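Listed here are the chains, written in short residue letters.
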Amino acid sequence: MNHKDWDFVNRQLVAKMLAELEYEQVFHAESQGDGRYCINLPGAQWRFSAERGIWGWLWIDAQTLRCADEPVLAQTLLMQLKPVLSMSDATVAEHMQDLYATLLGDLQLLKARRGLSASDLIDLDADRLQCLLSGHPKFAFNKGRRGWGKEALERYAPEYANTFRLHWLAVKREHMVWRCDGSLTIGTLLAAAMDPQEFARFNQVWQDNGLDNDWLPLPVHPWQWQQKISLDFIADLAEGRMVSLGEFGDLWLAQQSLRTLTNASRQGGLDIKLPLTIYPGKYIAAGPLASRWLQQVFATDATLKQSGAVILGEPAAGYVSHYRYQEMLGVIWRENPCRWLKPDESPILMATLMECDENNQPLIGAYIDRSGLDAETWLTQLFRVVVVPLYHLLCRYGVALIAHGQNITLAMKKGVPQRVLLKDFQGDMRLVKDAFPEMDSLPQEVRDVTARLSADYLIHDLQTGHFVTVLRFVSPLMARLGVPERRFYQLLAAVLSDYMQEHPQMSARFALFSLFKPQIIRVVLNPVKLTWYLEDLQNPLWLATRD
Amino acid sequence: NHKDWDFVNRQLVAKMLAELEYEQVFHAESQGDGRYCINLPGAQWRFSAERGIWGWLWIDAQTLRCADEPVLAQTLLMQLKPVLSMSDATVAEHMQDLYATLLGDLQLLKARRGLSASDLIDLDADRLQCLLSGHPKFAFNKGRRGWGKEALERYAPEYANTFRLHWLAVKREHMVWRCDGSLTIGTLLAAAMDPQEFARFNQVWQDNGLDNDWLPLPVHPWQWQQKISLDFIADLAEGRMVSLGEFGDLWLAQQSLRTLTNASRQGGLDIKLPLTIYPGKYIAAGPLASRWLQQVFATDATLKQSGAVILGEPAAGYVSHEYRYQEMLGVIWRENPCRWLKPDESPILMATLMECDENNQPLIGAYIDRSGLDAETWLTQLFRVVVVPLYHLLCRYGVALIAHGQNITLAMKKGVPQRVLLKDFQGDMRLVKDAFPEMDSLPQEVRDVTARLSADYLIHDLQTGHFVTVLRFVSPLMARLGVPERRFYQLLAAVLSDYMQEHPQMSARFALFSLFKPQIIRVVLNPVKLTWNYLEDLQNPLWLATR
C-alpha cells in the first residue's frame, strides 16, 4: 500500500491547493464544458473534473487530476507556484518542509482510518476521533509546524495520537505571576497531573534539590524544554534562578490546537495549555476575568440560556517575569468538557462534520441516521445550537468570538447536537467600536487588551470565520445526502429570520450586523498564507432567499 | 551550592585571563611580590600568579579580585566585548558556550568529590576519560553550538551518560561503503546489537518492506533529532530513506564527542558518527593513509622498538546523490585500543597528566608513586614513548602528526607508560614540501588532499601542537612535585639528543627540523577562538635549559 497511498495523498493535496487558491482568485479556472475544468499556470496546465458550489469554491475530483503526463505531486505544484506567488528559494524550502510534514500526517491518517466506516468513526473515543481529524480545511499545508521534523511530529502532533509526560521546573515565587481563582490550589492542580505515586517521587526530588516554599512547580511541554528552554535559558539554569526537575506524572495527548493537551491517564476535568515557541503578560492574565464575564452573560441572558451554550473557563494561569520569559514560560489550565457533560453526552469538534470515511460517506450522515431525524430538522437543530448564540452575543453585547471548526465543540447524544461548548477567547475576542449599554459591565482590564473595531470588521468573524471557513465545507456533503446547498442555507436563514423576529427591540442592531447583504466583502490576498480593487462575492444567505 | 558556583567561576576566569594574556590580547602588569594586575576597559583584574617557562601565568584563582564586582565568567566576557570587537550576537553565542562549560565543570566537581589522585587512576578507563577537565587551551571547552542542558547531559562525556543509536535504511546505490578485509556488515551489526535486538531490528526491517537492496545506517540520536529528521524530511516522506528507530547497545561519548565507546558489550570497535554543529574525498581517502602508517610502524625498527600503534578504521561509509548527504550521513568504525593492549596494560589519554584531585594532588604523581621510579626516570620514559616516535616519523618520512592530549592514548602498566596509541588524524596531519624518497610510497589518493607545508612551519605542528598545548600544562604539576621546569625540559632534550646521536645519517634532516632553535615563531590570531601578522617570538625551553 506504499505507492497507492502516496499517490492518493498527493492527489488530495493538489486538489485542495488548486481549489482554495482558485477560490482566493490567485488564478481562475476556465470551464472546458462537461464538468471539466482547466487551470493554467506558467509552464503547466492542470485538467480535472469539478463542480462549483454555492460559495464559488470548486469541488475537485482528485482522481481526474492531470498535468500533461507529469506525475501528480504536491511538490511539483508548489514549484509551479514560485513565480505566481513570488517566493524566494528559502521561502520555497520552508513550504517544502511544511508540505512534506502534511503528507506524512495525511499518510498516518490514511493508515489509521483504514477499514473504518463513518459509523465506526463516530463511535471512537472522543479524544481519538479528534486526533483523526483531517486538520484545518483552508490552509494548504495544515500540518506544517516550523522546526518540527519527523520525530517531533510523531511524538507531539495530534494526527499521530501519541502521549507523553510533561517536564517540570522550579521557579522562585517572586519571579512568577499566578492568577489562580476560586477554590483551586497548587496541590489540587498537581493532583490533576500526578497520581499519588508520582507526586511523592516529585517531592523527593523537590527536597533533594533543597527547594522549599519559596519555589513553585512549573510544567513545560517536553518539546519546549528540549528545543527552547534548556538552551535559551541555560544561563538561568546554571545560575540557579531556575531548577530542572525532570519529567513526572500522567501522560498527555495533544489536541488540534497542539498547545492544549488532554490528560490520557486520568480523566480529571482540566486540560493544560503550554507554550510552544515556533514562530504579553497582560493578555495572558486577563482571560480568567474575560471567561468569568462571558459565563455571567450566558447564565443571565435568556436567549443564551435557552440555547444551552457553555463557556469553558480558565480557572488558573501563570507566567514568568524578569518579555521572553512571559511568552516562553507559563501555564494555563482550561476546563474540560466532561465537567459540564451529561452521562450519555459525547464531545466532538464541529470540524468532524467535514469528514468522510474511506468510501466517501460523510460522518454527518452517520449522525443523522442515528438521530432518527430527517436531514432538514437535524440541520435546523445544529443552526439553533451554534449560530444563534454567537450572532446574539454579537448583536446584543457587541462581542465577537472566533467560530472555527476546531474551537467549536458540540455535545452529542444519539446523533443529535445537544448544545455548543466554547473555549477559546483571549487574542481571539473582539469588540465593536460602538458603545453598547450592554457592554458597560465589561471590566476595563479586558477592554484594554481587546481590539475594538467597526461593525463591518466583526461580521467577518462570523461570515468568513464560521460560514466561509466551516459551513462551506459541510454543505457539499449534505448536497450528497439529498439536501442541496440552496436548501442548506435556506434553513440557516430561516433560523436567523425566526430568531430576529423574536427580538424586534434589536431591529437596529440587526441592520448594523446584517448577514443578508447581497455581497460579502473579501479579505485581500496580502501575502498568501499556505500554512496554519474592491472585490466581493455572492452571499448564499441572500442568494438562497430569491425566487 | 554557593561554594561550588564560586569555585567554578573563579577557575574559569583564571583560565580565560591567563590564556588571553599569553595570546597577548592584553598584558598583566607586575605589581611585585608575585602580584599581578590586568587592566581592561572599565575594570581592573588583580591576582597573585607565577609565570612559567613558556611565559604562561599560573594564577591562584582564590586571589582573584575585580573591584566590587563578584568574580563571574559572565562579567569577564562582557568586559572582553570591546577588546575582541564582538557583536551582540557573537556574545550571546559565547554566553551559551560559557554556561555550558560551567555546567560541565559543576558535574565534574560533583562526580570527583572525596576522590584522591590515587583513587582517580583506579577508575575504569572509560569513566576516567569522562571525568577529564577537557581541552586546556580554550576558554569554553564544553560549549557546543545549539546544545542545551538536556543535550549536554544526555550525550556529552563529562556527564558519562549512555544512549542507544538511531538507525536508518538507505539504498546501496546511494552509499559509498569501503569495508575491507574479513569484515562484513553482519559483523558490525553484531557489534552494535545483541541477538534479541538484532531480531527486533530485523522485524522492523521486514515491517517496512526492505530487502538486500537497502543497508542499515546508524545515526547519533542528537543528529537524528535535530538535523536529519528535519533537513531530510523530503527523503523520508518519499521513501528514499526509512527511519527504523533506536536499537541495540548503549554507547558512551569520548572527548571527541563524535566517537563513541560501546558500554553494553566491549567489542573492540568504536563508532564515529556525524554531529553537524557548525569534501567526501577527505573523509574517504584517509583510511588508505592509516593503513600506510601502520605499515611504516611495523617496518621501521625505531618505531617497532617504541611500540607505537596506529589505530585503524576498518570500515567507513557515507551517502551520495540527492554534498549535504556526505557530511551529515555516514559512519566510521575505529579500532578500540584494547585490540592492541596487553592484559596488564590499561589505557589513558595523555591529557590525564594535566589533572589534579580536589586537594591539588597531581594524578601524574600518583602514577609515579605506583611505578616505584624516581620522577626523572619516569619522565625520560614518557618522552621516549611520545616525542621520539612523532619526531622520527617527521624527520625520516616528512610526516607530521597532531599530538594533543585528547588524541594521544598511553598504554599504562603499573603506573609506567609503555607505548603510545594514535587515533584521530584524518585532517590534523601534514606533509613536507620537500620530496623525500621514503615518502614515494605514499598513495597519491592521500597525497593530493593532505596539505603540504614547509619545514619551518612543519615544526609548529610539533612544537605548538604538543609542547605548547600538552607539556605546557604538565610541567607545572612536576614543579609542584620537586622537578623544576628547567629540569623537566632538560630531560626531554636529552632523550632527543640521545635519540639523534643514534641516527647520524639524518643529521641534515635534524637541521631542517631543529627543535633547539633559541626562538619559536607564533602565528598571529586576529580571530581568537574561545571554543573547541605575528606575535613576539617566544623563548624555546629546550634552548633555555641548555645554558
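Residues numbered from 1 in each chain as written, not as in the entry; some residues may be left out. Chains lettered and ligands numbered in written order. Heavy atoms only, no water. Residues with missing side-chain atoms left out of burial classes, pairs and counts.

For this coordinate set, the PDB header names X-ray crystallography as the determination method and states a resolution of 2.4500 Å.

This is how the line gets drawn: UniProt positions are given in the numbering used here, feature names are shortened, and annotations may be inferred rather than shown by experiment.
As annotated in the PDB entry, chain B carries the name Aerobactin synthase IucC and comes from Klebsiella pneumoniae. Entered under Pathway (unreviewed entry) in the UniProt record, the comment concerning chain B runs "Siderophore biosynthesis."

By the naming in the PDB entry, chain A goes by Aerobactin synthase IucC and is assigned to Klebsiella pneumoniae. Comment text from UniProt for chain A, heading Pathway (unreviewed entry), reads "Siderophore biosynthesis."

## Details of the overall build of chain A
Note the following rule: Only DSSP runs of H or I with at least four residues qualify as helices, and only runs of E with at least two residues qualify as strands; both kinds are numbered from the N terminus onward. For the radius of gyration, the atoms used are the C-alpha atoms, and the globule rule reads 2.2 Å times the number of residues raised to 0.38.
Of regular secondary structure, chain A possesses 20 helices and 21 strands. For 547 residues, the compact-globule estimate of 2.2 N^0.38 gives 24 Å, and the C-alpha radius of gyration of chain A, at 24 Å, lies within 12% of that figure. Expressed as lengths along the three principal axes of its C-alpha atoms, the size of chain A is roughly 75 × 60 × 45 Å.

## With respect to the packing of helix 16 (residues 375–397) of chain B against helix 18 (residues 455–468) of chain B
Residue and element names in this part refer to chain B. For the record, the criterion: Helix axes are fitted to C-alpha atoms over the stretch in contact, other axes to C-alpha atoms as well, and angles between N-to-C directions run from 0 to 180 degrees. Each angle receives one of four descriptions, namely roughly parallel if under 35 degrees, roughly antiparallel if over 145, roughly perpendicular if within 65 to 115, and oblique otherwise. The contact criterion used throughout is that any non-hydrogen atoms of two residues lie within 4.5 Å. Ten residues, namely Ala, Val, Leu, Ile, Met, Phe, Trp, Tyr, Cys and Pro, are considered nonpolar, four, namely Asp, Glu, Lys and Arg, are considered charged, and the remaining ones, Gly among them, are considered polar.
Following both chains from N to C, one finds helix 16 and helix 18 inclined at 170 degrees, their axes separated by 11 Å at the closest point. Put simply, helix 16 runs roughly antiparallel to helix 18. For the pair helix 16 and helix 18, contact is made by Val 386, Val 387, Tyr 391 and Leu 394 and by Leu 458, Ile 459, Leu 462, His 466 and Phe 467, respectively. Counted by class, the contact of helix 16 with helix 18 contains eight nonpolar, one polar and no charged residues.

## Quick word on helix 8 (residues 196–208) of chain A
Residue pairs three or four apart in sequence face the same way in an α-helix, which turns once every 3.6 residues. The test is simple: Expected span of a helix: the number of residues minus one, times 1.5 Å.
Helix length check: helix 8 of chain A, at 13 residues, gives a terminal C-alpha distance of 18 Å against a target of 18 Å (1.5 Å per residue), a fit within 8%. Note on helix 8 of chain A: the residue one or two positions beyond its end, A:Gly210, has a positive phi of about 70 degrees.

## Details of the environment of B:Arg334
Residues and elements named next belong to chain B. Here is the rule: Using a 1.4 Å probe on the protein chains alone, a residue whose accessible area is under 20% of its type maximum counts as buried, one over 50% counts as exposed, and one in between counts as partly exposed. Two N or O atoms form a polar contact when they lie within 3.5 Å of each other; inside protein one atom must be a possible hydrogen donor and the other a possible acceptor, and for residues adjacent in sequence the pair counts only when both atoms belong to side chains.
Checked against the element boundaries, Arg 334 lands in strand 13 (residues 330–335). Given a relative accessible area of 9%, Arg 334 falls into the buried group. Placed 89 residues apart in sequence, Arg 334 and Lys 423 show a C-alpha to C-alpha distance of 8.3 Å. Excluding residues that lie within four positions of it along the chain, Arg 334 makes contacts with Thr 259, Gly 268, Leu 269, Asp 270, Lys 272, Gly 312, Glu 313, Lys 423 and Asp 424. A distance of 3.5 Å separates polar atoms of two side chains, one belonging to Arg 334 and the other to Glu 313.

## Here we look at the interface of chain A and chain B
This is how the line gets drawn: Summed over both partners, the accessible surface that disappears when two parts come together, traced with a 1.4 Å probe, is what is meant by buried area. Salt bridges are counted wherever a side-chain nitrogen of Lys or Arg sits within 4 Å of a carboxyl oxygen of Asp or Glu.
With 23 residues of chain A in contact, the opposing surface of chain B contributes 23 residues. Both faces considered, chain A and chain B share a buried interface measuring about 2200 Å² in area, 64% of it formed by carbon and sulfur atoms. Considering only the surface of chain A that becomes buried against chain B, A:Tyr100, A:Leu231 and A:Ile234 emerge as the three largest contributors, covering 24% of it. Across the chain A-chain B interface, the total number found is zero salt bridges. Our count for the contact surface shared by chain A and chain B stands at eight residue pairs in polar contact. Mapped by element, the contributors of at least two residues to the side of chain A that touches chain B are helix 3 (89–112), helix 6 (150–156), helix 9 (222–232) and helix 10 (234–239) of chain A.

## Some thoughts on the domain arrangement of chain A
To be explicit about the condition: Domain segmentation is taken from an automatic or database assignment of domains.
Assigned domains within chain A: domain 1 (1–115), domain 2 (116–162), domain 3 (163–343) and domain 4 (344–539). Taken over C-alpha atoms, the centre of domain 1 of chain A sits 40 Å from the centre of domain 3 of chain A.

## Some details on the pairing of strand 3 (residues 43–51) of chain B
All names here are of chain B. This is how the line gets drawn: One bridge is not enough; two strands pair if DSSP finds at least two bridges between them.
As defined by bridge partners, strand 2 (residues 35–40) adjoins strand 3 across six bridges and the pair is classed as antiparallel. Each bridged residue has a counterpart across the sheet, and for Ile 38 the counterpart in strand 3 is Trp 45. Two strands pair when backbone bridges link them, and strand 3 and strand 4 (residues 57–59) are joined in this way by three bridges, in the antiparallel orientation. Along strand 4, the bridge assignment pairs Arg 51 with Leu 57.

## So, the packing of aromatic side chains
Residues and elements named next belong to chain A. Keep this limit in mind: We call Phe, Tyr and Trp rings a pair once their centres come within 6.5 Å, taking the six-membered ring for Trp, and we label the pair stacked below 30 degrees between planes, edge-to-face above 60, and tilted otherwise.
Overall, the coordinates contain 32 aromatic pairs over all chains when judged by the stated rule. Centre to centre, the rings of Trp 148 and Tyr 156 are 6.3 Å apart; their planes meet at 75 degrees, and the pair counts as edge-to-face. Across this residue pair, the class does not change: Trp 148 and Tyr 156 are buried. Cluster of aromatic residues (ring-pair linked, three or more members): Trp 55, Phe 383, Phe 488 and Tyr 489.

## Some thoughts on the domain arrangement of chain B
Many structure descriptions define interface size as the accessible area lost when the parts assemble. Splitting chain B by domain gives domain 1 (1–114), domain 2 (115–161), domain 3 (162–343) and domain 4 (344–540). Centre-to-centre separation of domain 1 of chain B and domain 3 of chain B, based on C-alpha positions: 39 Å.

## Describing the nonpolar core
Just so we agree on the cut-off: Here, the term nonpolar core denotes a set of buried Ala, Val, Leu, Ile, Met, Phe, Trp, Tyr and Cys residues that are joined through side-chain atoms within 4.5 Å.
Formed by 179 residues in total, the largest nonpolar core has its most connected members in A:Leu18, A:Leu65, A:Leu353, A:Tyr391, A:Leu410 and A:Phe513. Per element, the largest residue contribution to this core is 15 residues, and it comes from helix 15 (residues 375–397) of chain A.

## Thoughts on the sheet that holds strand 17 (residues 416–422) of chain B
Residue and element names in this part refer to chain B. Read across the open sheet, the four strands follow the order 11-17-16-14; overall the sheet is mixed. Edge positions in the sheet fall to strand 11 (309–310) and strand 14 (346–349), since each of these pairs with one other strand and no more. In this structure, strand 14 lies alongside strand 16 (residues 408–413), joined through four bridges in antiparallel fashion. Residue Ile 348 lies in a different strand from strand 16, and its bridge partner there is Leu 410.

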